[PDB]
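First the structure, in the form of structure tokens, and then the observations on it.
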Amino acid sequence: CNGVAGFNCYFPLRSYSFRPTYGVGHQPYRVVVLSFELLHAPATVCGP
Amino acid sequence: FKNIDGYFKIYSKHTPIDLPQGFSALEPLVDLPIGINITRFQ
């Protein structure tokens with residue numbers, strides 16, 4: 001594709017274009033993921 | 001300087017005065033949970 005768009009040359013990005021007029025199951029969701037590690041270690045982080 | 005059980009231990013002492021005479025104990029200063037392997041220093 002020599003670095004130009006065309007047939008079978010699609011940019012692997014797509015936009016969202018969020019608007020307040022969409023349906024309930026369409027607005028973006030802010031997501032976080034917390035991962036722990038249950039092993040034998042100095043155990044730096046501990047709860048209250 | 002000591003390194004045991006995944007902890008680095010540093011004891012320290014200061015005095016204003018070849019090594020002198022007398023007795024003076026060293027008080028604990030810092031403990032650190034680093035957990036590395038130590039073989040040489042500089």
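Here, A, B, ... name the chains of the structure tokens in the order displayed, residue numbers run from 1 inside each chain, and ligands are numbered from 1 in the same displayed order.
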Report as a Markdown table: every residue of chain B with an atom at most 12 Å from region 30-43 of chain A, its closest pair of atoms, and their distance in Å to one decimal, counting only C-alpha atoms, with rows sorted by chain and ascending residue number.
| residue | atom | partner | partner_atom | distance |
| --- | --- | --- | --- | --- |
| B:4 | CA | A:42 | CA | 12.0 |
| B:5 | CA | A:42 | CA | 9.1 |
| B:6 | CA | A:42 | CA | 6.9 |
| B:7 | CA | A:42 | CA | 8.2 |
| B:8 | CA | A:42 | CA | 11.5 |
| B:32 | CA | A:42 | CA | 9.8 |
| B:33 | CA | A:42 | CA | 6.0 |
| B:34 | CA | A:42 | CA | 7.8 |
| B:35 | CA | A:42 | CA | 7.3 |
| B:36 | CA | A:42 | CA | 11.0 |
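Here the strand (DSSP E or B) residues in chain B, by DSSP on the backbone, are residues 2, 3, 4, 7, 8, 9, 10, 11, 12, 27, 28, 29, 30, 31 and 32 of chain B.
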Point-to-point distance in Å for CA of residue 30 (chain B) and CA of residue 11 (chain B):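 The value is 6.8 Å.
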All residues 10 Å or closer to residue 26 (chain B), only C-alpha atoms, same chain fewer than 4 positions away omitted, as a ChimeraX atom specification: /B:11-14
Region 6-18 of chain A environment, 10 Å, only C-alpha atoms, sequence neighbours closer than 4 positions dropped, as a list in words: residues 1, 2, 22, 26, 27 and 28 of chain A
Requested write-out: C-alpha atoms of the selected residues, as a tab-separated table (two decimals), in the first residue's frame:
chain	number	residue	atom	x	y	z
A	1	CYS	CA	0.00	0.00	0.00
A	2	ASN	CA	3.13	2.25	-0.01
A	22	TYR	CA	-27.28	8.40	22.04
A	26	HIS	CA	-24.16	3.58	24.15
A	27	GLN	CA	-22.45	6.28	26.22
A	28	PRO	CA	-18.81	5.58	27.14
Non-local contacts of residue 9 (chain B) (6 Å; only C-alpha atoms; under 4 positions in same chain excluded) as a VMD selection string: chain B and resid 1 to 2 30 to 31
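Between CA of residue 38 (chain B) and CA of residue 3 (chain B) lies a distance of 7.9 Å.
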